[PDB]
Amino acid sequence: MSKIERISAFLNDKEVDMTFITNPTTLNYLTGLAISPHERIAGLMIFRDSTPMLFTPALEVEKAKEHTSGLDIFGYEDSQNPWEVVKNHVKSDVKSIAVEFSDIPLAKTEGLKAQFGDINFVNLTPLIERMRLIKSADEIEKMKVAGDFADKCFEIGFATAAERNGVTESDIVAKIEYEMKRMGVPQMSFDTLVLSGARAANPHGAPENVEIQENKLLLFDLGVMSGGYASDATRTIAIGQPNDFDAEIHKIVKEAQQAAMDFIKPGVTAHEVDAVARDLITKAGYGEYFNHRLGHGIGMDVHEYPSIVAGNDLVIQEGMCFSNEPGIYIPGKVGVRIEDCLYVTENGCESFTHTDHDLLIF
């Protein structure tokens, strides 16, 4: 039964009067409508036993009532005090409101207190996070579209680097984001990374206007937003023939990531999935250089639940989405990472990106 009926069940169980939801991502997940309120006010109000209302600026009202359903919509003009309009549409005794503690600024809560009195505010964010851990088949299709665009990014990026003739890290970044803009993509899901040689072992490194080094490795970490959903992936290639040491580090990381991918299925635990990759790299003598958890969740944002880390005994179940991204980073010498995100099926998993994992030579 619907997300809205789940939130309304929460309110009765905890004896809270209504919500006032403000985050534009949450608003899109819950209503289907992507709204950019910027400076003005917009809120979603859900009750224990009454029709949910949706309060927007006067200009967005008609757009909103063609592209949502089940909602009671009304608005306000710059000539009005918005909290007075809201007050004129709620005629009950409000003594508690559920809001999102990390998003709602002081002006909104004070403006709200000025009408309904001395409110007791309750945090709604933990329940929203929990509803997002399991994805529907409809959600997984959209994330598959974002994955296809991440695969095109690699082909364009490898080809741009192989032309040499003075090409730099920033030159390659710009060319990649040029092609995505041409195909209609609205933005990247995080800052695009292209790092040459020893520069790939720095955890704070950033693409700059430095020429890529011959006979060294090149790291690409990238991702896009499409239809409100995200993608994330990493691949490490070679520019000319590398030396024997750097090719052996790449083999270790490669086999470690494929072993975690052949192990994931419902019934195992997050701790166990981290351990497959980490034990393999530790047994080979490079444990002190794999210094972060194996993976993180993904969905509308690039960083959600669950956490694939030690000490987490959560049971993996069908529908979850998360990243699988081991690495070895050795300062001044070399750094390598290989990354996919995936979704969990009834007897296994499938990955969102398909580009080759081997050490290709350009």
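Don't overthink the numbering: it's just position in the shown sequence, from 1.
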Legend entry - 242-250 or 113-121, whichever carries the higher mean Cα B-factor: 113-121
Inset, instruction - May I ask you to compare 79-87 and 263-271 by their mean CA B factor in the entry and name the higher one? - result: 79-87
Legend entry - Options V194, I73, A161, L280 - largest CA temperature factor per the record: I73
Inset, instruction - Determine which member of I172, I104, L219, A233 has the highest CA B-factor, using the values in the deposited entry. - result: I104
Inset, instruction - Consider only the C-alpha atoms of the modelled residues in this chain, order them by B-factor as the entry records it, and name the third containing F10: lowest, middle or highest. - result: highest
Inset, instruction - Could you say whether, by C-alpha temperature factor, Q257 belongs to the lowest, middle or highest third of its chain? - result: lowest
Legend entry - Chain thirds of CA B-factor: placement of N324: lowest
Inset, instruction - Please place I46 in the lowest, middle or highest third of its chain by C-alpha B factor as given in the entry. - result: lowest
Inset, instruction - Comparing against every modelled residue in the chain, figure out the third that the C-alpha B-factor of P57 lands in (lowest, middle or highest). - result: highest
